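Asks: Kindly generate the corresponding structure for this input.
(chains A and B, ligands or ions: 1)
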Amino acid sequence: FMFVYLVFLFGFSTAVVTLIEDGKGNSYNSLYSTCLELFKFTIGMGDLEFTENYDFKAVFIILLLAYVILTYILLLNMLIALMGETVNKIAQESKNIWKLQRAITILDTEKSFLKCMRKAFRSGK
Amino acid sequence: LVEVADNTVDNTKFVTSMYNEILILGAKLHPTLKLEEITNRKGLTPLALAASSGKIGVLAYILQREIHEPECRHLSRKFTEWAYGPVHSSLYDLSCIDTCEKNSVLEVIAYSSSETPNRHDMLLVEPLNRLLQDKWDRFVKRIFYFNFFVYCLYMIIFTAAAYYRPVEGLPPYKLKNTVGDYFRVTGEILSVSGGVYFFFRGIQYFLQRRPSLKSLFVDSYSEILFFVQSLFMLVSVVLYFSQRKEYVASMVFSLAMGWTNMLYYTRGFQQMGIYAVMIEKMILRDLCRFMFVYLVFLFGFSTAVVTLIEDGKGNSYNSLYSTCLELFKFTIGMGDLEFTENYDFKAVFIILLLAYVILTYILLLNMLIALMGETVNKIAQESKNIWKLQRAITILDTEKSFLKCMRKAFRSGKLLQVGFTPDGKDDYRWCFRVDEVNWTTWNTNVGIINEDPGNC
Ligand code: NA
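Replies: Numbering: from 1, shown residues only, chains lettered A, B, ... in the order given. Take a look:
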């Protein structure tokens, strides 16, 4: 998700930045600032009129709506769906991997405390 | 017989059985005649006809046909080169499959019109899948990576050139002796060259593939996207040299669309390719349906609210566009419930806003999430098959483009002797070799070609 989302974000940020003229927050003619402004849309804090320093309002608004539809309405919900599928798929493998993690912890702990009890805690009889 | 097949189990079984029986009888009666080479008016053969019509069972039978009858064994297309223990080495014929013919099976399957029933599944038959993987591994993967790298460089140059555009006056802008100006001009020239290149490539694709109207709409998405990006670039150039300042809009659209098109190159990797296929399916189905319903609701409530507002006594919210934008802000989590006060009845206004919020925000969006979940659950395997088709098309296009560099240097399989023709001459075929292991069989009495098991 992050690979695809970063591709989209950078493309639309570059487009919007080149559209902005900044003539006539301030000085939005910065790649970092526009990238942050577009990222704000993902976290539910996006402003659709964060600047007016452009010559063509229709192009600006069309770009913003295209970005919002592509990343907010499609990619995030699709990520939720893919997460649901993954949860469904890995029910038992997770338990097995946890068992391995605990086994590694057991072995490491037993190796560390050889001096305290080299063979005092030996399994079986 | 091929025309009668319809992919059902009993129909497929009998069609294959009768095909084999008639082939054997023809071989016995007229050993000289080669039945399977005869063609109909369209020029197709039984194998090509089966491949094009989408008859998967007949194709699978034909490609793996194995006849052990000693008198008529040259008819076989699969042979056992050797066996030592549980290990077998088999050969596949590749006679009319390796894209070295007028219209091979592989090309026919790859360039289908999507009207054929199950073209997605016809590449899972063993020889075709292994052959495509071999071709990908041998030479085409490096070419694909090179193309991806060149496209990345092109997009970086285009972005850099567009970022530093002049802002004073009207185009065209006079050159200056500054080194940065020379770099900018070089970048602009390279961007225009790339645009025209993509334009001509789209044109030649349309000419060669002669896609049908419905096929043009439903099959060639990436081609159309690249062509539209090139069109935007060319329109931008035209406006730039016409002294209009609107070329910036076209240039920006081209820039954004090219950066998005960068996603095309994820089909060289399995995971990302399948992810992109799922993205395409979601866009086609769920986004379309949801957007239709959502736009209907949004327009209805926007008109209602706008007519309620009087704007007498942000400002001047008595505009359809402004109210539509204000209501759209609710969807992205930025809606203001008191964005205006220029009205007479507060109960009506607030009731309308709450009805819209409940209908579109609490119901439609979560329902879209649920529908996406269902779609993801449904299309697990079809996505992989579609990615396989995409990679196969890439392989075929790459192999066609580089005929001059290596017309037949990279040819799959190798020429091997399989047996003897009934006339007594040698049987030489361009075979593709596979290896297999079987523990249950333990068959020590079969037909083999080579006494010594190993290969060199
Ligand atoms: Na919010």
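
Asks: How about stretch A:28-43 and chain B, touching?
Replies: Yes: Stretch A:28-43 comes into contact with chain B (C-beta under 8 Å from any C-beta of the partner chain), by way of A:31, A:41. (C-beta placed from N, C-alpha, C; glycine too.)

Asks: give me the residue from chain A nearest chain B.
Replies: Closest contact between chain A and chain B, by C-beta to the nearest C-beta, is at residue A:11 (2.6 Å).

Asks: Isn't that residue up against residue B:254?
Replies: No: with contact defined as C-beta atoms under 8 Å, residue A:11 does not count as touching residue B:254 (11.1 Å).

Asks: secondary structure element for the residue of chain A most remote from its centre?
Replies: Distance from the C-alpha centroid of chain A, by C-alpha atoms, centre = their mean, peaks at residue A:125 (52.8 Å). Residue A:125 is part of no helix or strand, with elements assigned from DSSP states H and E.

Asks: Let me see the contact set for it.
Replies: Residues near residue A:125 by C-beta atoms under 8 Å, 6 or more residues apart in numbering or on different chains: none.

Asks: Spell out which parts of chain A neighbour the ion.
Replies: residue A:44 (C-beta under 5 Å from the ion).

Asks: count of neighbours near the residue in chain A positioned nearest to the ion?
Replies: Closest residue of chain A to the ion, C-beta to the ion: residue A:44 (3.5 Å). Neighbourhood size, residue A:44 [other C-beta atoms under 10 Å in any protein chain shown]: 10.

Asks: First-to-last residue distance for stretch A:38-46?
Replies: Across stretch A:38-46, the straight-line distance between its terminal residues is 7 Å, by C-alpha to C-alpha, to the nearest Å.

Asks: Might one say that residue A:64 is in contact with residue A:48?
Replies: Yes: taking contacts as C-beta under 8 Å, residue A:64 lies within contact range of residue A:48: 6.0 Å.

Asks: Name the residue in these two with the higher neighbour count.
Replies: Taking other C-beta under 10 Å, residue A:64 and residue A:48 do not tie; residue A:64 has more neighbours (20 against 16).

Asks: residue contacts, the more buried one?
Replies: Counted by C-beta under 8 Å, 6+ apart, residue A:64 has contacts A:16, A:48.

Asks: Ok, residue A:24 next?
Replies: residue A:53.

Asks: and if we set it to 10 Å?
Replies: Shown in contact with residue A:24 (C-beta atoms under 10 Å, 6 or more residues apart in numbering or on different chains): A:52-53.

Asks: cool, residue A:31 as well?
Replies: Shown in contact with residue A:31 (C-beta under 10 Å, 6+ apart): A:10, A:13-14, A:16-18, B:159, B:163.

Asks: Buried residues of stretch A:76-96, list them for me.
Replies: A:77-78, A:81-82, A:84 (16 or more other C-beta atoms under 10 Å in any protein chain shown).

Asks: Mind listing residues that contact that stretch?
Replies: Under C-beta under 10 Å, 6+ apart, the answer for stretch A:76-96 is A:1-2, A:4-5, A:42, A:97, B:275, B:278-279, B:282-283, B:286-287, B:290, B:365-366, B:368-377, B:380.

Asks: Apart from its neighbours in sequence, what residue is nearest residue A:67?
Replies: Spatially, and ignoring its direct neighbours in sequence, residue A:67 is nearest to residue A:12 (4.3 Å; C-beta to C-beta, 6 or more residues apart in numbering or on different chains).

Asks: surely the one you found meets residue A:60?
Replies: No: with contact defined as C-beta atoms under 10 Å, residue A:12 does not reach residue A:60; the gap is 11.2 Å.

Asks: Compare these two (neighbour count), which wins?
Replies: Using other C-beta under 10 Å as the criterion, residue A:12 and residue A:60 rank with residue A:12 on top: 26 against 22.

Asks: Pop out the phi and psi values for residue A:23.
Replies: phi -130, psi -150 (degrees, to the nearest 10).

Asks: Near it, how many other residues are there?
Replies: Residue A:23 has 10 nearby residues by other C-beta under 10 Å.

Asks: same check, this time on the one 4 residues further on
Replies: Number of residues near residue A:27 (other C-beta under 10 Å) recorded here: 10.

Asks: Now it, what are its backbone angles?
Replies: phi 50, psi 50.

Asks: Can you tell me the closest non-neighbouring residue to it?
Replies: Nearest residue to residue A:27 in three dimensions, chain neighbours excluded: residue A:33, at 7.5 Å (C-beta to C-beta, 6+ apart).

Asks: mind listing what that neighbour touches?
Replies: Contacts of residue A:33 (C-beta under 10 Å, 6+ apart): A:13, A:17, A:20, A:25-27, A:50-51.

Asks: What residues does residue A:53 make contact with?
Replies: Applying C-beta under 10 Å, 6+ apart to residue A:53 gives the contacts A:19-24, A:26-29, A:60.

Asks: What sits closest to it if chain neighbours are left out?
Replies: residue A:22 (4.6 Å).

Asks: and the one you found, backbone torsions?
Replies: phi 60, psi 60.

Asks: Repeat that for residue A:124.
Replies: phi 70, psi -180.

Asks: Could you give the number of residues near it?
Replies: Residue A:124 has 3 neighbours, counted by other C-beta under 10 Å.

Asks: Contact partners for it?
Replies: Neighbour list for residue A:124: empty [criterion: C-beta under 10 Å, 6+ apart].

Asks: follow-up on the earlier one: just among the contacts of residue A:33, which is most surrounded?
Replies: Going by other C-beta under 10 Å, residue A:17 tops the contacts of residue A:33 with 24 neighbours.

Asks: and it, what does it touch?
Replies: Listed by C-beta under 10 Å, 6+ apart, the contact partners of residue A:17 are A:28-35, A:37-38, B:159, B:162-163, B:252, B:255.

Asks: same thing but at 7 Å, please
Replies: Going by C-beta atoms under 7 Å, 6 or more residues apart in numbering or on different chains, residue A:17 touches A:29, A:31, A:34, B:163.

Asks: Max pairwise distance over those: which two?
Replies: Farthest pair in these (C-beta to C-beta) is A:34 and B:163. Separation: 11.2 Å.

Asks: Now do the phi/psi pair for residue A:20.
Replies: Torsion angles, degrees, to the nearest 10, at residue A:20: phi -70, psi 140.

Asks: I'd say it and residue A:26 touch.
Replies: No: between residue A:20 and residue A:26 there is no contact under C-beta atoms under 7 Å: 11.8 Å.
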